[PDB]
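Written below as C-alpha cells is the structure these notes are about.
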Amino acid sequence: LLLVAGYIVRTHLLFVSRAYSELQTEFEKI
Amino acid sequence: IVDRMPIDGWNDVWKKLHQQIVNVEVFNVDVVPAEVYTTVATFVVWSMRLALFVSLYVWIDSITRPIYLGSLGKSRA
Amino acid sequence: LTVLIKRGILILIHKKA
Amino acid sequence: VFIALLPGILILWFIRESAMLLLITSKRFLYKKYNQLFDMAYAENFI
Amino acid sequence: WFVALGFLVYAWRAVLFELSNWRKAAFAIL
Amino acid sequence: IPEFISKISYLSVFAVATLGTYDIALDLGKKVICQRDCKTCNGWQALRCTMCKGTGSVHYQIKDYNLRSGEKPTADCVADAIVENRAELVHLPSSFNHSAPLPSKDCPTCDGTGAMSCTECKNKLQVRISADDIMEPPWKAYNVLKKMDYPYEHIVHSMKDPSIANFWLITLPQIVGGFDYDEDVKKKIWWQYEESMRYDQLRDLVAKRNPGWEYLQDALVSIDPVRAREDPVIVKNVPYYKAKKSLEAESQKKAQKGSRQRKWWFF
Ligand SMILES: [Zn+2]
Ligand SMILES: [Zn+2]
C-alpha cells in the first residue's frame, strides 16, 4: 500500500509541476 | 515538560511517584485524526495564502496597469 | 505532533497545537 | 493507515485535475485567439 | 460558500494560527 | 516599472502555489517516516548514565601528586597543583559510598542530565521508512512493558516466615496447578530457601548491637559484597559510631543535668 501510494504521489507531483510551469508560460503569453 | 527520560528509571521513579502523587493526568490523543488534520489543514491554509496573494495581485494589477503547364494563358493577350 | 528536527530527528510531542 | 493516507492523495488529485483543466482551457482559448488573429489578416477578407 | 463555511468552522484553531501569523507579519512589516 | 511589479506579483502567486504543493509533497512522506529502533535505547536515544546512576553528583579524588623536591604533602600544595593540573584528578561514582564524603560535582559523561545518548545509533540511520507509528502495535506496548520488571519486593520481604514460605512456595502451586511435587523437588526448594535466609538471619543478629558485633559485620561484608555495600545497618567506620555512641551517652547525661537543675530556680 505504501509503495502504491508513493508511486501515485510521484506521478501526481510531476504532473502538477509541469502543469503549473506550462500555465505560467501560457498566462505570460497573454 | 521533562526532557528525554531515558529508558529504565521509571520503575524506580514510580517507586517515589506513587507515594507522593495525589492525582495523575493521562491524555488520550490518537494519531490518525491528527494526521487527517495535518493534510486537510495544510490544504486549506495554503489555499488561504494563495487566495490572499491572488486577490492582492489582481487588485494591484487592475489599479496599476491602466495607469501604464504554366504558360498557357500568358502568351496571347 | 511528531515534529522533525533536521538531520533526521523525530520528536513525539503533546496533543495538538 | 488507509484512511490516514487517503486525504493527502485526494487533495493532490484535485490539485492535479484543476491544473489540468486550467491548462487545457487556456490552451484552447489561446489556440482560437491566435487563429482568429491570423485569420483577420490572411484568410478571406474579414470583419 | 456553504462547504467553505463548513471547512472554516472545521479548522478554526489552525485558521486562527495563520491569521495570528498574518497580523504579526504585517505589523512587523509596517 | 508597472509591468515589472505586475510580472513579479503574477510570478509570486505561482511560486506560492508550487511551494504549497511541495509542502503537501513532503507532508505525505512526513507520516510514513519513523525513528529507527535500537536495542540498547529502544530508539529513545537515551539510557540512564550508569557511571553516575542518574544522580550526577559523582565524587572526585586526587590519586597522585607530583610534589616538588623540598615540600610537604599539605592541602594547600595539593590545591595549588589542582590549579596547574599537576595532580591526577579522578572520578569516583556515588554508587561507591566512602567514609569521607568527597566533593560531589556534575558527571561529565552525561553533563548533569543523568543519561547517555545511544551513540550506537548514527545520524545517517536515525530514521526508518516503516509506517509502524500509525498502527499502534501490540509488540511495542509489550516491549515497553517488558522493562517494568513487575517489582517483586512486596512479597520477598514478607516471605521470611516458615508458615508463609510453606504457603507461597509449596501450597499455592500444588493447589493452582493440580499437580504434586516429588520429594527431591520439595527438599531442594527448602534447602535453597534456608540457604537464602542466611543473609537476613545475619542482618537480624547484627542489628541487636550485641557486644562483638563488628565480627558479624565483617561476616556480612564477606558473605555478599554487593548487598553489603548498600545495607544501612552496616557502619563504614566502627570507631566513629562507637565514640559517637559514648559521646551521646555523656551528652544525655549532661542533658539530664540541665533539665534537673532547670527546675530548682522557681520556688
Ligand atoms: Zn540504541
Ligand atoms: Zn552521568
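Residue numbers (my numbering), protein chains in the order written: chain A, 1034 to 1063; chain B, 3 to 79; chain C, 28 to 44; chain D, 30 to 76; chain E, 42 to 71; chain F, 4 to 270. For every residue, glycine included, the Cβ atom is placed at its ideal position computed from N, Cα and C.
With C-beta atoms as the reference, is residue i less than 8 Å away from residue j?
i	j	result
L51(D)	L1046(A)	no
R39(F)	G32(F)	no
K260(F)	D203(F)	no
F1060(A)	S55(D)	yes
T44(B)	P36(D)	no
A144(F)	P8(B)	no
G23(F)	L54(B)	no
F29(B)	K42(C)	yes
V1049(A)	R45(D)	yes
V241(F)	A231(F)	no
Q129(F)	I40(C)	no
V46(B)	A52(E)	yes
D227(F)	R206(F)	no
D135(F)	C37(F)	yes
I173(F)	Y184(F)	yes
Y1053(A)	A20(F)	yes
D63(B)	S9(F)	yes
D14(B)	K150(F)	no
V16(F)	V56(B)	yes
Compute the Euclidean distance between the alpha carbons of residue i and residue j, then round it to the nearest angstrom.
i	j	result
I53(D)	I1041(A)	22 Å
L1035(A)	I38(C)	22 Å
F7(F)	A33(D)	44 Å
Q177(F)	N169(F)	11 Å
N213(F)	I237(F)	14 Å
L70(F)	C80(F)	8 Å
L58(B)	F58(E)	21 Å
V188(F)	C110(F)	49 Å
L66(D)	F58(D)	12 Å
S262(F)	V159(F)	46 Å
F99(F)	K239(F)	12 Å
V86(F)	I132(F)	52 Å
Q195(F)	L92(F)	46 Å
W61(B)	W63(E)	19 Å
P104(F)	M200(F)	33 Å
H101(F)	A252(F)	26 Å
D26(F)	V34(B)	19 Å
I137(F)	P68(B)	55 Å
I38(D)	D68(D)	45 Å
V209(F)	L250(F)	22 Å
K34(F)	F43(D)	21 Å
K125(F)	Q22(B)	39 Å
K76(B)	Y63(D)	39 Å
residue 81(B)	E197(F)	The question about residue 81(B) has no answer, for chain B in this structure spans 3 to 79.
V56(E)	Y39(B)	12 Å
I76(D)	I1063(A)	23 Å
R1051(A)	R6(B)	44 Å
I167(F)	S161(F)	8 Å
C41(F)	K127(F)	14 Å
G181(F)	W171(F)	15 Å
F270(F)	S254(F)	27 Å
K191(F)	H20(B)	38 Å
Can you name, in chain order, every residue of its own chain whose Cβ lies under 6 Å from the Cβ of residue i, other than the five neighbours on each side?
i	result
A90(F)	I65, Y68, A84
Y71(D)	none
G57(F)	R51, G117
Could you name the residues of the same chain whose beta carbon sits closer than 7 Å to that of residue i, not counting the 5 residues immediately before and after it, in chain order?
i	result
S107(F)	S60, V61, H62, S97
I65(B)	none
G115(F)	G59, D109
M54(F)	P96, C110, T112
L219(F)	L205, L208, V209
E74(F)	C80
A222(F)	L205
Within the 8 Å Cβ cut-off, does residue i reach chain I?
i	result
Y1040(A)	Checking the listed chains, one finds no chain I in this structure; the protein chains it contains are A, B, C, D, E and F.
For residue i, which residues of its own chain have a beta-carbon under 8 Å away from its beta-carbon, when the five flanking residues on both sides are left out?
i	result
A49(F)	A118, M119, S120, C121
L28(C)	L39, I40, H41, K42, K43
>> Considering only heavy atoms of ligand 2 and the C-beta of each residue, which residues fall inside 5 Å, strictly closer?
In response: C52(F), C55(F), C110(F), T112(F), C113(F)
> Curious, which full-length alpha helix (DSSP H) runs of at least 4 residues does the stretch 65 to 92 of chain F contain?
Replying inline: 79 to 87
> Going along the chain, which unbroken runs of the alpha helix (DSSP H) with 4 or more residues stay wholly within the stretch 179 to 209 of chain F?
Replying inline: 186 to 199, 201 to 209
>> To test your reading of the DSSP string, which unbroken beta strand (DSSP E) runs of 3 or more residues are found completely within the stretch 90 to 146 of chain F?
In response: 90 to 95
> Of all residues in the structure, which have a C-beta closer than 6 Å to any heavy atom of ligand 1, taken in chain order?
Replying inline: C41(F), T43(F), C44(F), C121(F), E123(F), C124(F)
> What are the uninterrupted segments assigned as alpha helix (DSSP H) that are 4 or more residues long and contained completely in the stretch 12 to 68 of chain B, given in chain order?
Replying inline: 12 to 22, 34 to 66
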